[PDB]
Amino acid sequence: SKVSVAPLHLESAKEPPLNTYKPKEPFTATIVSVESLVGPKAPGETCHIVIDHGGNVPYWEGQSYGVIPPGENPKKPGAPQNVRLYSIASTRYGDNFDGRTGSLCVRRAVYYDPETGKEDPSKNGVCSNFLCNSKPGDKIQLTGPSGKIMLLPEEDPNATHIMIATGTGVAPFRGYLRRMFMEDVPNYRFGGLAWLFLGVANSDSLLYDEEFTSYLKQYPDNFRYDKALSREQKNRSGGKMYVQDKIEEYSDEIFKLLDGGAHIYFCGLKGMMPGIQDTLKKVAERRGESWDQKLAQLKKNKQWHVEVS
């Protein structure tokens, strides 16, 4: 059954925490663990980082933490590095169910020369590699939390939530789904439909697949899960199979859910949104509907939630 979480007072706040810690005085958190989430055929390493904030930096699902990697800002000598934001991949209780830790899902940004394929570590992403190189006991300068776009609307505990993720964009949805299905949260008993669409390069690049597959077996009437493996599958037009192609496979069901009030969420690569828009426009046209008018209504009704970068 559902996992006991503590402390219940994390349910008491009526507003999300925002900017509890600021860049000039970050919170010095401590790494609990770092593990790779991916197999040897993944095009790069994505890691899961558990950070002990001690209950000092609580957050709500869908928010981000800022991380200030060590060193000086290259474009401002004597200045600290700029904050990098990471969508929190844990619930407010965290992976130890105690309100003391939060987790990040971090893709290492690695530079390869486009001609020779030669790596150049000096051009690798600073914060992503800092995080995935971290070890238990290391310190992390945390800021935030921040963000409200991806807060989970809980007013209707039987709402429908359609979650579209590419890569580490799955992060907020891991938190949503743990709150919906895994944790014993007495004041939020989810009885709606949660539908996760996840796009990753191949099977080895799947993130948290065992957890999501477990929800299919535990909550078959409340959870659906579809994957787009871009380098393992092709769409009906011959392109790499992307999440928008999976959305198209369920176009009638998704449109009906949207018409019925479903929330739809997009997180991950900003480049997926033009493709999604094109697909939804095409679906709508085949149904004799205007996607522009439908999207305008979804936005007006606060059903449309996008955080991509």
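Start at 1 and count along the sequence shown; that's the residue number.
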query	finding
Stretch with the greater mean C-alpha B-factor as recorded in the entry, comparing 138-146 against 119-127	119-127
Mean Cα B-factor comparison, 147-155 or 226-234, giving the higher one as deposited	226-234
Which of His263, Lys240, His53, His48 ranks first by CA B-factor in the deposited coordinates	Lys240
C-alpha B-factor winner, where the candidates are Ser103, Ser205, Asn96, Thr168	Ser205
Chain thirds of CA B-factor: placement of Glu61	lowest
Within-chain third of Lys14 by Cα B-factor, per the entry	highest
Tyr250, C-alpha B-factor rank within chain (lowest, middle or highest third)	highest
Ranked against its chain, the third holding the CA B-factor of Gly175	lowest
Third assignment of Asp221 from its chain's C-alpha B-factors	highest
